[PDB]
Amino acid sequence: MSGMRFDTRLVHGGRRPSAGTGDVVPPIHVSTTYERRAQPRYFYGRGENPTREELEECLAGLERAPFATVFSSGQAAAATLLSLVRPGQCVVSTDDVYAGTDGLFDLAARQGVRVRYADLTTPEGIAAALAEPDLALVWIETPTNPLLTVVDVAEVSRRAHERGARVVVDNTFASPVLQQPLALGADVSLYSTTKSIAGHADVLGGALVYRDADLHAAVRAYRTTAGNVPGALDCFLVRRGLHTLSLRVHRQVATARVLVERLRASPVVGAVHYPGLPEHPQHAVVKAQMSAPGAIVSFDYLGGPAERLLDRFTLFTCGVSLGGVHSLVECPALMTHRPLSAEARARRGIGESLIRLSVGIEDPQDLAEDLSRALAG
């Protein structure tokens, strides 16, 4: 795939043509076991599988990276990377990370990993955070959920590498269509492929994309031992969804922009959060590192109880997750951030009436009409 552009690699990356039969779509390798005398690289499915390898080759290609490793889930990918941090070492992350990531951070702390939360949006926040001794890993999620703030990956990576730390970007929100963490200076891109990469809300998966060969050996050794491998049929569905990733993301972004303007015009809407708004507090950073501002929107609803707003949607689905072809709506205080106390949410800037939209690929006018009907301004 040398010289081929992004949209071509989506279709042909890892597409091994089939010797003898010539299948355009590679066959699905379900076998757990391999005949030793018929080859000698394939021994057992937990360690080796061609369908899985083809997906990894495709993902790596999307970032022009030498390596990728896929997992049973996004959580499993994060767990694997975090497992490389030793007791006594430090991970610096931000406060507002994905609840699952925080869940993993809690597990790591109980094994003696130091987790330090920080403000990575200011020079003083960054300097303070990276002053931590034995700093092993800087964990960046950008844009963040659900307030959609962004962290300057290139700048944090520069400062972090001065301290000898590894930098990972959870790039699930943006996808490699919109953001290229390795090109920005990060060491690892982390994905829940469950979201926009597979894109059809019908399979779980995770991925790490990176360039370091020692990291590659460590990641592969842990996956084989921990056994957090995806099934071949799952890899097939992720790979199949991947073909249309740039098509889907481009449509989702265009519709999100339309919905943001509807929200700004509604009398029952307060603050509107979107990386693309000119008045976004980190607009220069968004423009510098995202080719488009994404398909997630959040806003403060002023018109009455959030539960009633959620009940009025007839096209948007009320549920968690994001990135899929079906548009979704949730209220973080009632759903994704319900386990937190009201005081914890207040401290994080997550109001009771904050609403989050994940824009799918439905007709933008249908989505706009459903939103207006629900808002009932």
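When you see a residue number, it is the position in the sequence shown, counting from 1.
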{"item": "Residues with no coordinates between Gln39 and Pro40, taken from the deposited sequence as a class", "value": "1 to 3"}
{"item": "Of 128-136 and 242-250, the stretch whose C-alpha atoms average the higher B-factor in the entry", "value": "128-136"}
{"item": "Entry-level comparison of average CA B-factors, 59-67 and 330-338, reporting the higher stretch", "value": "330-338"}
{"item": "Highest recorded Cα temperature factor - choice among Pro17, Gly14, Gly360, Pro364", "value": "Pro17"}
{"item": "Residue with highest C-alpha B-factor in the PDB entry, from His216, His273, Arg223, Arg114", "value": "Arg114"}
{"item": "CA B-factor placement of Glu352, once the chain's modelled residues are sorted into thirds", "value": "highest"}
{"item": "Ranked against its chain, the third holding the CA B-factor of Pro123", "value": "highest"}
{"item": "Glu279 - which third its CA temperature factor falls in, relative to the rest of the chain", "value": "highest"}
{"item": "CA B-factor placement of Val269, once the chain's modelled residues are sorted into thirds", "value": "middle"}
{"item": "Where the record places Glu35 (Cα B-factor, split into thirds across the chain)", "value": "middle"}
